[PDB]
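The chain below stands alone and is given as structure tokens, in the form deposited in one PDB entry.
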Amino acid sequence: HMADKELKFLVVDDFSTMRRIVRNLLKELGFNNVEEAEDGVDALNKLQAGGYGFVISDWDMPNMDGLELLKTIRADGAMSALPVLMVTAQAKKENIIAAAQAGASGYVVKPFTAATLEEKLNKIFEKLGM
């Protein structure tokens, strides 16, 4: 997949407010193909529907947390390469290590600025040649 207007994003967080921030930032950046999920299970249901090129995900969520979500994606043959940007209040170095080692494409700590989201997305786009 490529970082063009068509790139389809999945935004995952148990709080509407945080999903709404991310969706609106993505709109500003020119990405209007954006769906939302409320937890890891919900996310996987939509991912399995097909077509997604990018996941932005919270950590602390009911039913399936974001670290489990990330691990599932990375271990699944059909989506193991999917970009996953963690966007979370979890700020301990050991959280960052766990997510990094699990295969996070990037990691943004809440609260975050519009500029921070943009540059961390762009960093992932460049790393993956999108």
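Numbering starts at 1 and follows the sequence shown.
For the pair 27 to 35 and 55 to 63, the mean B factor over Cα atoms is greater in 27 to 35.
Relative to one another, 80 to 88 and 45 to 53 have unequal mean CA B-factors, and 45 to 53 is the one with the higher figure. Of the candidates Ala75, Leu69, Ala98, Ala104, it is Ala75 whose Cα B-factor is highest according to the PDB record. Among all modelled residues in this chain, the alpha-carbon of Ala115 has a temperature factor (C-alpha) in the highest third.
If you look for the form deposited with a partner chain bound, you will not find it shown, but the lines that follow are about it.
Out of the listed residues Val34, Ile96, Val41, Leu29, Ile96 is the one that sits within 4.5 Å of the partner chain in the deposited complex by at least one heavy atom.
By the criterion of a heavy atom within 4.5 Å, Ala49 is excluded from the residues contacting the partner chain in the deposited complex. Contact check for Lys123: a heavy atom falls within 4.5 Å of the partner chain in the deposited complex.
Although the partner is absent from this view, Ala100 contacts the partner chain in the deposited complex, with a non-hydrogen atom inside 4.5 angstroms. At a distance threshold of 4.5 angstroms between non-hydrogen atoms, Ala91 is in contact with the partner chain in the deposited complex.
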